[PDB]
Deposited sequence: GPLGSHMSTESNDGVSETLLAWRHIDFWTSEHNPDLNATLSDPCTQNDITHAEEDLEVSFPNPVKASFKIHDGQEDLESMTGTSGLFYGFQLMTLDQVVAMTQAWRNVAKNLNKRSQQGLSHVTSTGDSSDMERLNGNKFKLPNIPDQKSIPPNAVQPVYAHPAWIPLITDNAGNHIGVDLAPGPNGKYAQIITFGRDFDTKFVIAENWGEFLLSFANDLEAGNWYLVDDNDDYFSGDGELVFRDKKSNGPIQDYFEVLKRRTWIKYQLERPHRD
């Protein structure tokens, strides 16, 4: 599917423009495109096909190069970082197999209840062991190339979007709704503007929105 590809292109338009207006230091960290060649190399290294919206994203910016995280402090990873980190996570998963905290999913059964999986491709890092990424091996009630949280502190994994496009666009919409604060042009942090609320960790916001969405949809069967 080219599902999310349009959403990806739109989101990058908003984010490119928003950073140029409000945070030119952040704007200047957004790397040049990957080549198709770059992508093919990575896909061959990892023995994976990147979903269409992820490849579109890479052909707009090859991550960030210093670098303070674009996603409210979380860094968009370069393709080399994606390869290296996927390999690192693959080593983890092999070590857990060589020797064999409750791993869980929201929604239940959408994401495999495991600490690490070779087919979870990290695209964003908090540089503390946590990721947002694309799940190429969903659980029985998940979707192929759904966007999840995983890593060191994600004993519970969350489905935060249906595809990379929808995820980027939801972030672009947060910027556009004024859900931000600048603490240099300064560090980008999240706040809920409409509620005049405090600064929040973006992971906690994502997890809360996933909960709310799941709860609101449960009545439907």
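For this chain, the deposited residues without C-alpha positions form the stretches 1 to 10, 77 to 82, 117 to 145, 229 to 236, 275, given in sequence order.
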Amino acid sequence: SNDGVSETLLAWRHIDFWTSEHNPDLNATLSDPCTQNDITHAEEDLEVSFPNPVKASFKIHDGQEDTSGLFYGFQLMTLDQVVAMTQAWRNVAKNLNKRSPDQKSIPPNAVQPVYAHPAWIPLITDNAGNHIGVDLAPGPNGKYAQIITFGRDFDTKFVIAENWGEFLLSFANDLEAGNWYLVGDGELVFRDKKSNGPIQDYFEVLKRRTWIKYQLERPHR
From here on, numbers count along this sequence of modelled residues.
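Across the other compared structures of the same protein with both neighbouring residues present, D45 carries coordinates in every case, with no third of them leaving it out. Notably, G165 is never a gap: all other compared entries of this protein, restricted to those modelling both its neighbours, have coordinates for it, so the one-third criterion is not met.
In this crystal structure, the stretch out of 109 to 117 and 91 to 99 whose C-alpha atoms carry the higher mean B factor is 91 to 99. Per the PDB record, of the two stretches 184 to 192 and 160 to 168, 184 to 192 carries the greater mean B-factor over its C-alpha atoms. In this PDB entry, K207 carries a Cα temperature factor that places it within the middle third of its chain's modelled residues.
In this PDB entry, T86 carries a Cα temperature factor that places it within the lowest third of its chain's modelled residues.
Among the modelled residues of the chain, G63 sits in the middle third by CA temperature factor in this PDB entry.
In the deposited entry, the Cα temperature factor of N173 sits in the bottom third of values across the chain's modelled residues. Ranked against the other modelled residues of its chain, the C-alpha B-factor of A28 as given in the entry falls in the highest third.
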